[PDB]
Ligand SMILES: *[C@@H](CC(=O)OC(C)C)n1cnc(-c2ccccc2)n1
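Protein chains in written order, with my numbering: chain X, 253 to 445; chain P, 136 to 233; chain Y, 288 to 880; chain R, 120 to 199.
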């Protein structure tokens, strides 16, 4: 309840009220942020409120955190970036939001998994929208199934990956506008195609 | 394998490391029709029978995405090696800067 | 006590509704006394419990109170006491009543039913009280599935988050989840199950410690075992969990193997149809694949686990309508027991002494347990295996009886309780049980009488006659009864010898006060009376008189009533004399009149 | 057998028609092609990409510099 809500104090579980707000709703998250809640507070396992929001697929909380200066690729004690959680659970929307914020796909956690690896494992279970999430991951990485591994891939997607990497940890949809590109290619950079 | 580049003026153009520069000259002859005896080639800044391995051309140094390069000249008298550098890319946009 | 007297008044006619209202008001007014009721109880409790009872007032007079609404919103007090097993059960009774009533209704209570919904999931017990909770909860979810799913997801996440990591909470939440099964619609079932499966896999990967992983896996296996419908729609996850259970069958910790096997067989029964079928993208009916993996899967399992796995496989095989593919399934399925059995038979024909090995008899006993479970699962199609093993099995049984006698002569029957003798007797009992199973599920009692029963009698009747009461196994009689049940008719010609060899001996063992022998005798005698009453009358006059005397002993200790029915010299012999013993009578009066 | 490719800035490159056909635009056009818009460096990098694609087709180890990245993207869009 946004109406119900030291804010940054880590509780007995070593976590902030912002973590609970992120797990619950974006309105409370926004209220806490207005009250100066630190988005990048690290919990008992150094998972950010962004991590849990991504796992909950509370996309609105995710966007609120990132827009407020959240650490996109913060690494917990397991070194799972929030993208890693979002992928391992395989939800789509928050994964798309993270990709738009230039989260790094090519990462390895202490467990030795990549977010796309965990999403593939989930798909193998037949439980999986999940195909679209896999498609977004593939377009973000360009090249990583066997044919997609043995095929070197297009020069176009390689250039797209390089350009996004250059853009860095800023809001890609806004950044691509400044690029002297056709609207089609600007869209292509954002992995919308 | 060994992937190689050759240049002369504005003009640009692989083998086995065990292969020799003479067969590369023969390739150049087939491409441009200047027989090897009227071709002379330069590895690094060095005017190259040597096997490409002993010319310093190595696959780790001569990958397709990072091939080796060679200068070329013809008996016009072999002219001083003239290679015209590729145009540089424009300024990087600030948003793309590190 | 004052409350209890009032409770009795509330226990009892709507024509006094004003009273029933005023009472309820005044007691509600006498609030004036009462707050954390659970705390007050925990730290003359009896008052709270009696206050709970009030419960039955509204079980009756919630109708008369609907007829002071804020005071009724009492219901909150009902929740307060609900926070308090006896008082909780009292509350749960009214909760189930109200839930069923409102559900079958098709607005006043819904604005707060979620409070109860939360209460039920929190207090969910392990699978009467549990049934009432389950019944109440499924009524509530039939009033709103969405809120139930939301609450379950919330608590599951709190567990996943580590906010409430606790074996107890995990187990109870999973119990409630399993309880919801069937109440959910299939598509909502699919969505909710996918969510919970992902969350549980997540908390499994996250948590360290094979104990925590084991509890999580057990919960997952239970929940999947509670949802066959979802598994059918997701044959991919079905194959997945099958392989996972294979993995658990190679575990050695916390009896997980057993649990896995249990889970396995459950699903094996509820979706046997699908395994025998070449499913989407399958090169084969998946059961066959298992029949190939079996050798590996069992390499870590214990004998009871092996029995359970074989039984599940047998159910799946029974699902195979095509008797030809089914024959192939049975052949592969029994091959290993068949292989060991053939080895033992070959050794026996090399030397009888193999049978005199505790190892050999124990191997045979394992084979027989496996075959019994397989026949139980398969039914008649098991006839192929039965015929495969019948003759050498009966030869082994006869050899076992012969060696039993060869030991008994040395000490009388007191060779019994010797481990080898015990094993031999158990093996004979299990042989009889397997024969009983299949014959009871036999296709053609004529075929049974032609190929199976006569050799069985050769091996059994005269032996039992010559045997000593302990070696005289009770199961024989039971088997005979089943034979009579199946071979009714054909069995007629064998009734005399059957009674000649056996009925005398067991009667000697029955006229005494061998209880299983005696019960089998009751059932077998009634079966002979019903199926083959012509044979029943054809019993020799001495044996027939002994049968009547056994009946007398029995009711002097329904069959007599059956005999009265069927028999309609005998009367003037027994009816006249038995009349004093019985002193049916209307039947007797009808007969004379 | 061979094909020539002219950069917009007049630099000249030669490959086998084999590799050049990796580009769909090349196949659509076809002995020589002049790309009045592609600069020398981009064209050379594209030749490298063709050779690398051939050498690892259905094989993978491709370097890119940020300065040339946007031009590479536009050129790939042009050349398929
Ligand atoms: C997680 C790992 C595991 O097997 O836990 C213990 C070590 C046994 N886990 C638990 N259950 C499952 C699972 C996976 C697929 C299908 C059903 C259950 N995985």
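Idealized CB from N, CA, C, for every residue including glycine.
Using a Cβ-Cβ distance cut-off of 8 Å, the segment 501-510 of chain Y and the segment 455-468 of chain Y are in contact, since at least three pairs of beta carbons, one from each stretch, lie closer than that value. Taking residue 208 of chain P as reference, the option from P:174, P:178 and P:186 with the minimal CA-CA separation is P:174.
Contacts between residue 440 of chain X and chain Y, judged by CB atoms closer than 8 Å, are missing: the closest CB pair is about 32 Å apart.
Linking residue 750 of chain Y to residue 688 of chain Y through their CA atoms gives a straight-line distance of about 7 Å.
Secondary structure in the segment 666-717 of chain Y: the alpha helix (DSSP H) runs of 4 residues or longer, each lying completely within the stretch, are 670-698 in chain order.
Residues of the same chain with a CB within less than 6 Å of the CB of residue 489 of chain Y, apart from the 5 flanking positions on each side, are 447 in chain order. Comparing alpha carbon positions, the residue from X:352, X:348 and X:264 closest to residue 421 of chain X is X:352.
In chain order, the residues with a C-beta atom nearer than 5 Å to some heavy atom of ligand 1 are Y:491, Y:500, Y:504, Y:507, Y:528 and Y:531.
The beta carbons of residue 660 of chain Y and residue 598 of chain Y sit about 4 Å from each other, so the pair counts as a contact at 8 Å. Of the candidates Y:841, Y:873, Y:483 and Y:832, Y:832 places its Cα closest to the Cα of residue 859 of chain Y. Taking the CA atoms as reference points, residue 258 of chain X sits about 14 Å from residue 286 of chain X. Proximity of the segment 693-711 of chain Y to the segment 662-669 of chain Y falls short of the contact definition, fewer than three beta-carbon pairs being nearer than 8 Å. In the pairwise beta carbon analysis, the segment 152-162 of chain R is classified as not touching the segment 370-380 of chain X: fewer than three pairs are separated by under 8 Å. In the three-state scheme derived from DSSP, where H, G and I count as helix and E and B as strand, residue 605 of chain Y is classed as helix. Across the segment 504-528 of chain Y, CB contacts with chain X closer than 7 Å involve 521, 523, 524 and 527, in sequence order along the chain. Residue contact check for residue 450 of chain Y against chain X: a CB pair falls below 8 Å. Secondary structure of residue 757 of chain Y (DSSP, three-state): coil. Contacts with chain R at 8 Å (Cβ-Cβ) do not include residue 429 of chain X.
Annotation for residue 865 of chain Y: the continuous alpha helix (DSSP H) segment containing it runs 863-869.
Around the beta carbon of residue 565 of chain Y, fewer than 16 other beta carbons lie within 10 angstroms, which makes this residue exposed. Residue-level contact check: residue 170 of chain R touches chain P, since one or more beta carbons of chain P fall below 8 Å from its beta carbon. Excluding five sequence positions before and after residue 326 of chain Y, none of the CB atoms of its chain fall closer than 6 Å to its own CB.
Per the C-alpha coordinates, the member of Y:683, Y:706, Y:705 and Y:623 positioned closest to residue 719 of chain Y is Y:683.
Rounded to the nearest angstrom, the gap between the Cα atoms of residue 194 of chain P and residue 182 of chain R is 16 Å. Flagged as an interface residue toward chain X: residue 193 of chain R, by a C-beta distance shorter than 8 Å. Judged by their CB atoms, residue 202 of chain P and residue 193 of chain R are not nearer to each other than the 8 Å cut-off. Contact annotation, residue 771 of chain Y with residue 814 of chain Y: C-beta distance approximately 4 Å; criterion of less than 8 Å satisfied. For residue 177 of chain R, the three-state secondary structure derived from DSSP is coil. Annotation: residue 807 of chain Y to residue 607 of chain Y spans about 35 Å, alpha carbon to alpha carbon. If you ignore the 5 residues before and after residue 387 of chain Y, its C-beta comes within less than 6 Å of the C-beta of 426, all in its own chain and listed in chain order.
Under a criterion of Cβ atoms nearer than 7 Å, the residues of chain R adjacent to residue 227 of chain P are, in order, 185 and 186. If only uninterrupted alpha helix (DSSP H) runs of at least 4 residues are considered, those enclosed by the segment 308-395 of chain Y are 324-329, 333-339, 342-353, 356-359, 362-369 and 373-392. When beta bridges are read from the DSSP output, residue 410 of chain X appears opposite no residue. Using beta-carbon distances, residue 329 of chain X does not count as an interface residue toward chain Y, since no partner is under 8 Å.
Per the Cβ contact rule, the segment 158-172 of chain R is not in contact with the segment 416-432 of chain X (fewer than 3 Cβ pairs under 8 Å).
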